[PDB]
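Coming up is one lone chain in structure tokens, specifically the form deposited in one PDB entry.
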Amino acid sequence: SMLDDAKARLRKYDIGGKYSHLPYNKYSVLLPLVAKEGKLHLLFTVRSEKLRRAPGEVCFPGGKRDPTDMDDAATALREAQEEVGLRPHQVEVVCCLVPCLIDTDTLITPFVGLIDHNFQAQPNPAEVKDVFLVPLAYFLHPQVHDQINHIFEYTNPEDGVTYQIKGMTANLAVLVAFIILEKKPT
């Protein structure tokens, strides 16, 4: 099936816990895969304008590890619950992709999660200004705009609203699209 095929692809890139004990400032992100209308989509957040780190930006759910978290996956799931109401029975964590090194002292670990068909996002306004889906295939032929560095623009056909996606967020989206959609019969 579509979903079994995605998970089987994703598992070949799982690095597991290999880089998780290293002495960094530690953050985790959740890459949430949603199946609608026979196709896969990624779920994104728009960060609240009130926050210290990165106000108004498009990012995946995630944040800083804390002492309650049993491991890096737990951080990602805690933070997704707090931001959009995603509960643990509603997500299957399939793998851990290559981590992102930043600022010489920080390591960000991404997890890919398959989201239950009855989940419906409840944006928490203290953290998140908006929540939106993008079809995974978009990231193979994106609408690119140079600021010199590359920015993606996605317009939702439901309502005509445009979103800008950039940096590590855009990089991870492309990676997941390649892993899952490369070399497929039609």
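The numbering used is simple: start at 1 and walk along the sequence shown. Definition used throughout: the rigid core is the maximal C-alpha set that superposes within 1.5 Å between two forms.
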property	result
Rigid core superposition result in 8 other deposited structures of this protein, more deviant of 51-59, 157-165 by Cα	51-59
Deposited residues omitted from coordinates between residue 147 and residue 148, as a class	10 or more
Mean C-alpha temperature factor, higher of 156-164 and 48-56	48-56
Stretch exceeding the other in mean C-alpha B-factor - 175-183, 3-11	3-11
Deposited CA B-factor, highest of 133, 121, 136, 30	121
Highest recorded Cα temperature factor - choice among 71, 92, 79, 103	103
Within-chain third of residue 151 by Cα B-factor, per the entry	highest
Chain-wide C-alpha B factor ranking for residue 88, given as lowest, middle or highest third	highest
Third assignment of residue 62 from its chain's C-alpha B-factors	middle
Third of chain Cα B-factors occupied by residue 117	middle
Position of residue 42 among the chain's modelled residues by C-alpha B-factor, lowest, middle or highest third	lowest
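Keep in mind the form deposited with a small molecule bound is missing from the figure; the text below concerns it.
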{"query": "Contact label in the entry with it bound: residue 116 to the small molecule, heavy atom within 4.5 Å", "finding": "yes"}
{"query": "Distance check, residue 34 to the small molecule in the entry with it bound, heavy atom within 4.5 Å", "finding": "yes"}
{"query": "Proximity of residue 120 to the small molecule in the entry with it bound, heavy atoms at 4.5 Å", "finding": "yes"}
{"query": "The small molecule contact at residue 133 in the entry with it bound, heavy atom, 4.5 Å", "finding": "yes"}
